[PDB]
């Protein structure tokens, strides 16, 4: 039966390279054992060399991306007029099966436990948020698993309580004139300053914290001349 006669067998890919033409017998084509033949463009290029096992193909992908699996690789008997090792005809296949492990551990998600009690409201006046929480330990997840859903729920709470307004000091008033025009006399020269607790005034309705500290300041007046000695004659 005539066949397509190719001048080269690639071997790296099992392709029939360099077509010499068709309409010639297999015996004539394979006078040169370096040539090769196939039937039409259907494929399966067989070299004219004596039959010999090809190379083991690369390992197929593991049957599962999880835990232990199994992967194959093939090797084809290629040639003409004879047999490969195994009482094998040209064209047959030989397989090797191997235990593979893409990932050594398969994630199994867990289950939620009971909901924890609702925490109190996040604030004691005006409005805040209320939160309850649970654990992912019934059962606990294995590997990188995780329970389905959220581990905590939150929701708004209204305290029905007007917030108290706290007081803060207004700006400092002006300095008073000094108590004296000189230092060294009966009373040292002192300066005074005062401020109001009106920015903002506290409480309003519920009690508010009063303004912290003092509403006044005292200091010595510096830079004054010395008073004369009014106790004996100079």
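Residue numbers count along the first chain shown, from 1.
For this session: Can you let me know which of the two, 146-154 or 78-86, has the higher average C-alpha B-factor in the entry?
Result: Averaged over C-alpha atoms, the B-factors run higher in 78-86.
Problem set entry | Between 203-211 and 23-31 (mean CA B-factor, as deposited), the higher | Looking at the recorded C-alpha B-factors, 203-211 comes out higher on average.
Problem set entry | Residue with maximal Cα B-factor (values as given in the PDB entry) among 113, 122, 98, 103 | The C-alpha B-factor peaks, among 113, 122, 98, 103, at 103.
Exercise. Residue 222: which third of its chain by C-alpha temperature factor?
Worked result: It belongs to the middle third of the chain when residues are ordered by C-alpha B-factor.
Exercise. Lowest, middle or highest third: where is residue 161 by C-alpha B factor in its chain?
Worked result: Tercile = highest for this residue's CA B-factor.
For this session: Taking the chain's C-alpha temperature factors as the reference, tell me which third residue 174 falls into: lowest, middle or highest.
Result: Its C-alpha B-factor, which the entry lists for residue 174, ranks in the lowest third among residues of this chain.
For this session: Going by the recorded CA B-factors, say which third of the chain residue 128 sits in, lowest, middle or highest.
Result: Lowest third - that is where residue 128 ends up once the chain's C-alpha B-factors are sorted.
Problem set entry | Assigned third (lowest, middle, highest) for the C-alpha B factor of residue 139 | For residue 139, whose C-alpha B-factor we compare with every modelled residue in the chain, the answer is the middle third.
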